[PDB]
There are 2 protein chains.
Amino acid sequence: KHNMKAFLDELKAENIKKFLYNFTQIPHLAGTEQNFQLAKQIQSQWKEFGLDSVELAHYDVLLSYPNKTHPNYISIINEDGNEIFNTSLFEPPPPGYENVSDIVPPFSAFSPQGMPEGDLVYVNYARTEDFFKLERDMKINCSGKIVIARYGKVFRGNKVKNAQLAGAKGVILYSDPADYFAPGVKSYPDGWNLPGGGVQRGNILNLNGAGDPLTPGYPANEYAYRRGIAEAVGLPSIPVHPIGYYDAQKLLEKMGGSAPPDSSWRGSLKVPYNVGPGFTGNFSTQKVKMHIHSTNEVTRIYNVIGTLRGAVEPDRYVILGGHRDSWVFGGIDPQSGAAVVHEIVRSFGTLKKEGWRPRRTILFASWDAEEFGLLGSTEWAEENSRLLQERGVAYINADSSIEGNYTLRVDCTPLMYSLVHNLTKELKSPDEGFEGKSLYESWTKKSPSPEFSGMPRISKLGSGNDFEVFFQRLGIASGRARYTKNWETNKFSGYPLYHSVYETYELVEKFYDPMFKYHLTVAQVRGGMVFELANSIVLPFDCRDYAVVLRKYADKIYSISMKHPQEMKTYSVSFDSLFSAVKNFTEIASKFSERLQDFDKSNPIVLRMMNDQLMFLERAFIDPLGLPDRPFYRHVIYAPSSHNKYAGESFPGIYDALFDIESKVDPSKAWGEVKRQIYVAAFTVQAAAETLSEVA
Amino acid sequence: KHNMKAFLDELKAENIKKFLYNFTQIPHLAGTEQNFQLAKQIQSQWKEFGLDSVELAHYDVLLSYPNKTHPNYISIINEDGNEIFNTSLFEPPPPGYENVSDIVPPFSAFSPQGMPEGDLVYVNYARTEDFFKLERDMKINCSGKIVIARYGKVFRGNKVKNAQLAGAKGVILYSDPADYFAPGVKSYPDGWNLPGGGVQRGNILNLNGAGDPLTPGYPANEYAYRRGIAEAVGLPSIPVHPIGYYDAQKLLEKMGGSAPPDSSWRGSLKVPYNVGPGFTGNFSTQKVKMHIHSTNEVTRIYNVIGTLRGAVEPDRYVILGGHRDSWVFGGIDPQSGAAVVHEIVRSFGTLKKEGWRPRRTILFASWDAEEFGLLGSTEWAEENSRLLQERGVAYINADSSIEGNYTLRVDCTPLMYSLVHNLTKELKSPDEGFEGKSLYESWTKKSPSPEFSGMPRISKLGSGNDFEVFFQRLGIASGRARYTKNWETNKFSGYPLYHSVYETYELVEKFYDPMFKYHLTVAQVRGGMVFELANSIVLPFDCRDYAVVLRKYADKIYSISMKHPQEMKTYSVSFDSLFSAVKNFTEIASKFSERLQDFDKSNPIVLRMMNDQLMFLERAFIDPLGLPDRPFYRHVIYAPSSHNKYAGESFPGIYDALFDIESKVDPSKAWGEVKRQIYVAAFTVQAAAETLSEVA
Ligand SMILES: *[C@@H]1O[C@H](CO)[C@@H](O[C@@H]2O[C@H](CO)[C@@H](O[C@@H]3O[C@H](CO[C@H]4O[C@H](CO)[C@@H](O)[C@H](O)[C@@H]4O)[C@@H](O)[C@H](O[C@H]4O[C@H](CO)[C@@H](O)[C@H](O)[C@@H]4O)[C@@H]3O)[C@H](O)[C@H]2NC(C)=O)[C@H](O)[C@H]1NC(C)=O
Ligand SMILES: *[C@@H]1O[C@H](CO)[C@@H](O[C@@H]2O[C@H](CO)[C@@H](O[C@@H]3O[C@H](CO[C@H]4O[C@H](CO)[C@@H](O)[C@H](O)[C@@H]4O)[C@@H](O)[C@H](O[C@H]4O[C@H](CO)[C@@H](O)[C@H](O)[C@@H]4O)[C@@H]3O)[C@H](O)[C@H]2NC(C)=O)[C@H](O)[C@H]1NC(C)=O
Ligand SMILES: *[C@@H]1O[C@H](CO)[C@@H](O[C@@H]2O[C@H](CO)[C@@H](O[C@@H]3O[C@H](CO)[C@@H](O)[C@H](O)[C@@H]3O)[C@H](O)[C@H]2NC(C)=O)[C@H](O)[C@H]1NC(C)=O
Ligand SMILES: *[C@@H]1O[C@H](CO)[C@@H](O[C@@H]2O[C@H](CO)[C@@H](O[C@@H]3O[C@H](CO)[C@@H](O)[C@H](O)[C@@H]3O)[C@H](O)[C@H]2NC(C)=O)[C@H](O)[C@H]1NC(C)=O
Ligand SMILES: *[C@@H]1O[C@H](CO[C@@H]2O[C@@H](C)[C@@H](O)[C@@H](O)[C@@H]2O)[C@@H](O[C@@H]2O[C@H](CO)[C@@H](O)[C@H](O)[C@H]2NC(C)=O)[C@H](O)[C@H]1NC(C)=O
Ligand SMILES: *[C@@H]1O[C@H](CO[C@@H]2O[C@@H](C)[C@@H](O)[C@@H](O)[C@@H]2O)[C@@H](O[C@@H]2O[C@H](CO)[C@@H](O)[C@H](O)[C@H]2NC(C)=O)[C@H](O)[C@H]1NC(C)=O
Ligand SMILES: *[C@@H]1O[C@H](CO)[C@@H](O[C@@H]2O[C@H](CO)[C@@H](O)[C@H](O)[C@H]2NC(C)=O)[C@H](O)[C@H]1NC(C)=O
Ligand SMILES: *[C@@H]1O[C@H](CO)[C@@H](O[C@@H]2O[C@H](CO)[C@@H](O)[C@H](O)[C@H]2NC(C)=O)[C@H](O)[C@H]1NC(C)=O
Ligand SMILES: *[C@@H]1O[C@H](CO)[C@@H](O)[C@H](O)[C@H]1NC(C)=O
Ligand SMILES: *[C@@H]1O[C@H](CO)[C@@H](O)[C@H](O)[C@H]1NC(C)=O
Ligand SMILES: *[C@@H]1O[C@H](CO)[C@@H](O)[C@H](O)[C@H]1NC(C)=O
Ligand SMILES: *[C@@H]1O[C@H](CO)[C@@H](O)[C@H](O)[C@H]1NC(C)=O
Ligand SMILES: *[C@@H]1O[C@H](CO)[C@@H](O)[C@H](O)[C@H]1NC(C)=O
Ligand SMILES: *[C@@H]1O[C@H](CO)[C@@H](O)[C@H](O)[C@H]1NC(C)=O
Ligand SMILES: [Ca+2]
Ligand SMILES: [Ca+2]
Ligand SMILES: [Cl-]
Ligand SMILES: [Cl-]
Ligand SMILES: [Zn+2]
Ligand SMILES: [Zn+2]
Ligand SMILES: [Zn+2]
Ligand SMILES: [Zn+2]
């Protein structure tokens, strides 16, 4: 039989391993020849594997690269102008790769050029609350200072925005061992820890969903009219550069001024973690000088788009997408994901060669330039937005398959919760001690839901990956799954070798998943989801799961507002409309679910009508006007946090209107905007509910 | 049989007449008790007629009314402050209505309050080009002057915007006999001409599609958070008041200053039509004083929404909508339309009682507050936008059935051209001399297409009626039809008694359509369109008709740009991408049409897929970012003219970027914006084309 079991059984750990090796021998930086060659290889193989069509979709987007003959570095300079200490020009390459060409040195993509010189201020993680502590409690002014911040906790782009708004004239990002060196584990190549010379690459844009900085709203095609650089979206205004902890220790060790305000500001290096500004007495006339010469250049990128046409509903699309471009070798990010997508395509193709087709069309994507701001996925979605919003059933992301080896991680829309629970009950656990038990059982034991006994944790989608356009701009049901580390010891900074040269095939094969069993499990989850979405007669979405979370989110936002009882009285701030909308949603969803299981099974129009109601439910949460000053974040329930792009925020319009409201000079205006956002949210919830009512 | 002929044959002239009489005995001003009572009557009758459900949908919107105890008027004052001439407080009521209560006196809805006093400047029709002539050629400065403008040629709201931007401190609008007195015809009640005491009411907003000024984007429901009056959309900043030509003659007769620049500035009164400013020597110390005391007030309005549920595709909506509110009796506007809708509902209901149902759901609407800015239709569409954009097949408007008695007028989307041609070939002409001939034949003879022999004129949709939200915001295929006057003698100002107290049942029955045969013909056109849209197995849209007009519009916009050949060279302004998109659209549409007639007839999914492609084609022309500074005009092909809301403009983004471009101080910036709009238009055309490609 051609059923899900046939699909899942065809997936092989050994194939995933072979593909990962194949994808990680040379760098595949976006916009480079080697990443174009890999695109062409993937296109050719997907055709061989049996897809109906496989095309490249190219765009010309703004990218950023160091200058090969004018390297980026940071100095400590003395009062004479002599550079007495210089940061490294490159990470020491790992064993057997010391002759590999075209390893991009560490840099912060999209940094402007400059050679600012000044006194350091240490700003912890450069979070909003870190800057509050500096400016409001400690009275330290970052204006005209070079800030040094440790990576971790939030997306690095947010750190840069925060530093820029504090008046910094440059930013130095570094990896502290407190956040990137797990105790008792050896540095690469002898274990999975970050060495002192290791450096995390990564873009520092604040795009808010825009895609290519020069073409917001429209694809960067061959006739596109581009913004000038001065009107581009999301570019930082001050130079930024990342360093390792050997070099950071040399910058931090001389710091003077105020002591750290408490132990949450101290990392693990043998330095005091003084805030500054500037150095202690003997070194007070020394300064820090950045030298950044990177350039921004419009560069061609290539997405591979494979189609497996549906037998019954070819105008309904289920999308499995993940990126191909990497900072260097991409051993985990993204090729551990891409290898999984490759094996999923191979398996689906094996069924297709035997005469099977899915009910709905499946689209497979290998995205480019994800590392430079989700550019390839977003430009393609901009080009195809009309097709996607009328025909898009679901988007399953497929970046890194592993960030640890402890248990499963799933982030998705509530519409997929039931699907994920049911699928994981039918999959085998790969975990030690759970032989013969389901993945649902091991996952639930290791990552219990904070709210329901006997259920696993599923998180909100944040951002920082290629699902963003699909979910928060277009309102297509989206999800992601991978293996992760223990949620208890999880400090929200990722794996130590993230975006480092040390992220290699050997890292994965030696230290993460030698048998490729966690990769296989992730392939079964991502592939099983795509299979069920593309083949189930009734779309596998449960609207009642949205009703439950909406009440939880309404309770949460009300509880934030209720810290200001006087103001709620003065300005007559009521959440009654939102709770009423949520109650209505709950009632209407329950009645829709009854019809979905009571409806005449033999009637395909009632079926297609009900499937369209399910499909367009996520879509109903889109507000075409967007969120305030973030026109491409249109989902009213979920947006990336304004303080941390990686984190999802619920009722973001209301949350941002309430945030730090006690510091606003015009409380009448501020609370008026809270009330406006309550109205928008209540209306949107009710409108969404009404899409599930009887249609006439 | 229950076919279209059964539906059309059930329609009766005598019923339309009875309904028109019933709807026009008392005023039905939006927000008044009498218009609520008529809503309830219509609801009750639509239920009796056989609709499945009939509900009122209410909203609380900003309306505007005169002050009953502090009347609006204009004076000529002398240097002592004595008011030596006053304009009328009311129109002399027509015979037999001199005791009717609650006739709203003439006023300009949404005028602010004020008592400005100054010198008059006569500005012709207050069009953009009239103000160019004054300011650029004649060097007359309107700053701080009261402007007097004749009604006609463009929407009065545009006149007010133009006067405000010229620095006027008030506007007086009047009806010149040149524009509202047809030679050889008697004044009401002895014919259909405007008497000297007659006055045209009407709003002077510039909403650009926003709906209720206080709640742009969201319905004005019971928990709506409203803008303050200072941030409301579209309100005029200077007082405005309308007068008749007896009173205008008294204001114009003393005008001095410059002579009119040519005969196109002279109306038909026995005055010189001097531009001013101010009066001739003997009267130079006299001034004009306005006294406006109208108030803006949030007021409840009521739409009636009737549903006839579809038998096969109940989740597909065909909407027949027209307004109910009137300025006074509404003898033509809107009740000649509403009477037709009422008879259409009755006919459909007669078929329903015999066991028939349409294939798709039909929605019938009686909109409120159309006269105050399309408020009722727009708030309802805002509430139901998610349902409408996923399920809306088409919108047929049904305001005034007659503006003359010469021939048919149709304005619609190109998608409906074929439908209209085919339907009118099957309907009888009601015209004298065409007994036994088709309506298509009489219409084609009297109103020939300017472009194709043997075809009739069909215009672009402009705005100024309730289709605006459906078409230019939401992208639902829309159309309108009525009887009109001769296109040759048509001076684009409407019928003389427009928005006057004299617009009565007797006007219609005595002078326009004594046998109600033109009303019956319009009922057959509007109803026949709704019938075909709601019942045809394949939606009756021909995408190839869009391809033809797109080429015509591309040719037109290119020819505007080519008046500036040097600048096109300097700034490398190419229309190649737009022409390429149009060519592609043409090719893809032709191939889609072949599939639509070659497709497996027995396959309902291929049918529903192809019907969805047809339905969503209009939708594909929507840009979610809107047009520049007009976020609710989202259709890229068609928007209301920035100079005249009544007129449709093609490729409006490009047109407005080119308009008066030679006067822009930064030509590089101006031509850059032309190129940006070309890119947007070419992309949108191509994207629309791609929705008609094979889906996978
Ligand atoms: C969750 O779902 C429920 C439905 O179960 C919605 O309930 C509606 O709530 C609104 C707001 O409370 C109600 O609004 C009231 O409508 C009254 C008239 O209702 C009749 O007529 C209308 C059409 O005109 C019909 O739709 C309806 O079925 C009734 O037959 C008005 O008279 C009320 O206004 C008066 O009171 C208010 C408040 O004191 C004053 O401000 C006004 O000035 C005026 O005096 C009021 O507008 C509506 O009737 C309810 N519909 C029902 C029960 O079907 C919830 O709104 C929904 N939640 C959300 C967030 O949408
Ligand atoms: C109307 O419909 C036609 C299709 O019939 C569209 O034609 C496309 O037009 C674009 C723009 O001219 C073509 O773009 C070119 O693509 C080349 C590569 O194409 C191959 O590979 C791609 C995927 O990467 C496939 O999609 C394609 O089938 C081909 O196999 C590029 O190499 C070209 O770039 C080079 O030349 C340009 C111009 O000199 C330079 O600026 C570049 O730097 C570079 O040197 C170019 O990008 C595209 O191939 C055409 N598709 C076809 C024929 O299928 C029209 O675009 C469409 N009109 C509109 C308005 O959309
Ligand atoms: C995940 O798995 C659960 C458990 O199997 C699925 O829920 C079950 O769905 C079936 C099929 O719709 C339900 O069966 C129905 O039972 C009613 C009587 O109660 C009957 O009238 C119908 O004809 C039908 O047989 C079953 O009740 C339901 N079980 C539950 C909720 O416990 C669930 O749908 C799956 N989720 C997906 C596919 O997303
Ligand atoms: C308006 O009326 C015209 C004329 O009747 C309609 O066009 C006609 O549509 C029919 C039905 O699709 C076409 O018939 C087809 O002919 C081809 C062979 O040429 C055959 O393969 C198909 O099976 C089918 O019989 C007919 O050609 C076509 N005539 C034309 C274009 O002259 C038109 O569709 C109507 N418009 C609407 C409903 O909007
Ligand atoms: C720190 O580096 C500076 C600059 O050196 C250049 O850039 C480096 C990153 C690397 O590419 C070097 O090979 C380049 O010379 C050194 O300062 C320079 O020293 C040279 C030789 O003494 C002198 O002629 C230059 O003028 C200096 N340039 C500047 C800008 O000061 C410096 O010696 C290095 N410091 C240490 C401690 O190694
Ligand atoms: C023009 O009207 C003014 C104002 O009259 C008032 O408003 C009118 C529209 C109407 O409602 C009148 O009944 C009101 O009295 C006249 O000027 C007033 O004249 C009265 C009586 O002589 C005097 O006491 C008031 O102070 C005047 N008010 C003002 C504002 O000047 C004026 O006489 C009328 N002119 C003509 C030619 O009829
Ligand atoms: C990755 O795998 C691909 C596919 O097997 C290899 O590319 C093939 O290489 C052979 C031998 O050079 C050629 O004859 C084929 O044409 C290639 N097939 C393609 C591109 O589809 C590639 O060499 C492998 N890369 C590494 C680093 O092992
Ligand atoms: C317009 O027609 C309606 C419907 O026939 C009339 O309203 C009815 O009036 C009778 C007699 O007063 C009542 O018994 C009915 O209840 C009414 N029916 C309704 C409201 O559905 C109304 O009188 C007519 N108006 C005019 C001006 O003739
Ligand atoms: C890179 O730096 C070199 C030499 O220091 C300079 O000549 C060149 O212009 C720079 N390249 C770019 C792309 O800016
Ligand atoms: C920070 O520093 C600059 C002066 O260099 C000043 O303009 C700014 O206002 C200071 N801010 C505070 C809060 O002291
Ligand atoms: C892989 O799993 C083992 C078993 O607990 C663990 O000791 C090892 O550290 C894990 N690897 C990573 C990279 O976490
Ligand atoms: C209308 O005018 C009267 C008397 O001239 C005044 O008392 C009243 O306030 C005004 N009404 C409104 C609604 O402004
Ligand atoms: C028109 O009048 C005012 C002075 O009352 C002046 O400010 C304005 O610039 C004048 N405009 C022109 C074009 O003369
Ligand atoms: C109605 O038609 C007749 C016939 O041409 C014409 O004389 C009369 O003026 C028409 N009525 C109107 C209002 O145009
Ligand atoms: Ca773009
Ligand atoms: Ca509104
Ligand atoms: Cl992922
Ligand atoms: Cl109309
Ligand atoms: Zn990645
Ligand atoms: Zn990454
Ligand atoms: Zn009207
Ligand atoms: Zn009107």
Side-chain angles (χ1 to χ4, degrees), chain A residues 52-53 215-219 221-225 228 307-310 312-317 361 363 383-387 390-391 574 576-577 580 604-605 608-609 612-613 616 619-620 622-626 631 634 672-673 675-680 682-683 686-688 690-691 694-696, chain B residues 52-53 215-219 221-225 228 307-310 312-317 361 363 383-387 390-391 574 576-577 580 604-605 608-609 612-613 616 619-620 622-626 631 634 672-673 675-680 682-683 686-688 690-691 694-696:
Chain A
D52 295 299
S53 68
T215 58
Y218 307 91
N221 64 28
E222 272 262 26
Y223 59 88
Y225 185 80
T307 300
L308 182 52
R309 177 185 81 256
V312 179
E313 302 186 89
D315 73 337
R316 293 282 176 269
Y317 307 145
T361 289
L363 307 179
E383 187 160 65
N384 293 291
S385 62
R386 293 147 183 81
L387 309 182
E390 311 306 355
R391 307 176 187 167
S574 186
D576 290 353
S577 60
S580 174
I605 304 275
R608 174 75 156 215
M609 161 182 334
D612 285 354
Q613 284 181 285
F616 288 123
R619 213 88 77 249
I622 295 300
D623 186 333
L625 301 179
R634 306 200 304 163
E673 181 64 11
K675 293 176 65 169
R676 192 176 78 84
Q677 297 294 331
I678 293 166
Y679 161 53
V680 171
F683 164 66
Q686 181 72 25
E690 290 178 356
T691 74
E694 267 159 11
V695 302
Chain B
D52 295 299
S53 68
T215 58
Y218 307 91
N221 64 28
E222 272 262 26
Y223 59 88
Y225 185 80
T307 300
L308 182 52
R309 177 185 81 256
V312 179
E313 302 186 89
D315 73 337
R316 293 282 176 269
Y317 307 145
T361 289
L363 307 179
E383 187 160 65
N384 293 291
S385 62
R386 293 147 183 81
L387 309 182
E390 311 306 355
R391 307 176 187 167
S574 186
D576 290 353
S577 60
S580 174
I605 304 275
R608 174 75 156 215
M609 161 182 334
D612 285 354
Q613 284 181 285
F616 288 123
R619 213 88 77 249
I622 295 300
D623 186 333
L625 301 179
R634 306 200 304 163
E673 181 64 11
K675 293 176 65 169
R676 192 176 78 84
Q677 297 294 331
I678 293 166
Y679 161 53
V680 171
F683 164 66
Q686 181 72 25
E690 290 178 356
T691 74
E694 267 159 11
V695 302

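Letters A, B, ... mirror the listed sequences (proteins, then strands); counts begin at 1. We use all heavy atoms of the structure for the numbers below, so side chains are in, but hydrogens, waters and symmetry mates are not.
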K.L.:
Report which part of A:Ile678 has an atom under 4.5 Å of a heavy atom belonging to chain B: side chain, backbone, both, or neither.
P.N.:
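The answer is neither part of A:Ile678.
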K.L.:
Distance from B:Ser580 atom OG to B:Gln686 atom CD, nearest 0.5 Å?
P.N.:
6.5 Å
K.L.:
So which part of A:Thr691 gets closer than 4.5 Å to some heavy atom of chain B, the side chain, the backbone, both or neither?
P.N.:
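Both parts, backbone and side chain.
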K.L.:
Is any side-chain heavy atom of B:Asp315 less than 4.5 Å from a side-chain heavy atom of A:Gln613?
P.N.:
no
K.L.:
For the interface with chain A, which of B:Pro219, B:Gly626, B:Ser385 has the highest count of heavy-atom pairs at distances below 4.5 Å?
P.N.:
B:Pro219
K.L.:
I want to check something: taking the side chain as every heavy atom from C-beta on, are B:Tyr317 and B:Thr307 in contact at a cut-off of under 4.5 Å?
P.N.:
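Result no, sub-4.5 Å side-chain heavy-atom pair not found.
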K.L.:
Name the member of B:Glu390, B:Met609, B:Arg676, B:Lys675 that forms the most heavy-atom pairs with chain A at distances under 4.5 Å.
P.N.:
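Winner by heavy-atom pair count: B:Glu390.
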K.L.:
Taking B:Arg386 for the side chain and A:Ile622 for the main chain, is one N or O donor matched with an acceptor at less than 3.5 Å?
P.N.:
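Pair found, side chain donor or acceptor close to backbone of A:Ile622.
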K.L.:
Using 0.5 Å steps for rounding, measure from the CD atom of A:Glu673 to the OH atom of B:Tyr225.
P.N.:
8.0 Å
K.L.:
Between A:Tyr218, A:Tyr223, A:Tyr679, which shows the greatest number of heavy-atom pairs under 4.5 Å with chain B?
P.N.:
A:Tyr679
K.L.:
With a 4.5 Å cut-off on heavy-atom pairs, point out which of A:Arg608, A:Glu694, A:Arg619, A:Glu313 contacts chain B the most.
P.N.:
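Heavy-atom pairs under 4.5 Å are most numerous for A:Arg608.
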K.L.:
Under a 4.5 Å heavy-atom cut-off, does chain B meet the side chain of A:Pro604, its backbone, both or neither?
P.N.:
neither
K.L.:
Assess the residue pair A:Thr361 and A:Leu308 against the criterion (side chain to side chain contact (heavy atoms under 4.5 Å, CB included)); give the C-alpha distance rounded to whole Å, side-chain angles, the decisive distance to 0.1 Å, and a yes or no.
P.N.:
CA-CA 6 Å; A:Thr361 289; A:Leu308 182 52; over 6 Å; no
K.L.:
With rounding to the nearest 0.5 angstrom, report the CG to CG distance, B:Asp612 to A:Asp612.
P.N.:
7.0 Å
K.L.:
So which residue, B:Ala688, B:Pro624, B:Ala620, ends up with the most heavy-atom pairs under 4.5 Å with chain A?
P.N.:
B:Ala620
K.L.:
Identify which part of A:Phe616 has an atom lying under 4.5 Å from any heavy atom of chain B, answering side chain, backbone, both or neither.
P.N.:
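For A:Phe616, the contact with chain B is made by the side chain alone.
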K.L.:
A:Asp623 versus chain B, heavy atoms under 4.5 Å apart: side chain, backbone, both or neither?
P.N.:
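Both parts, backbone and side chain.
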K.L.:
Which heavy-atom pair separates A:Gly310 from A:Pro314 by the least distance, and what is that distance?
P.N.:
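In terms of heavy atoms, the two residues are closest at O-CB, 3.5 Å.
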K.L.:
Between A:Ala682, A:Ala224, A:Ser53, A:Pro631, which residue shows the highest count of heavy-atom pairs closer than 4.5 Å to chain B?
P.N.:
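It is A:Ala224.
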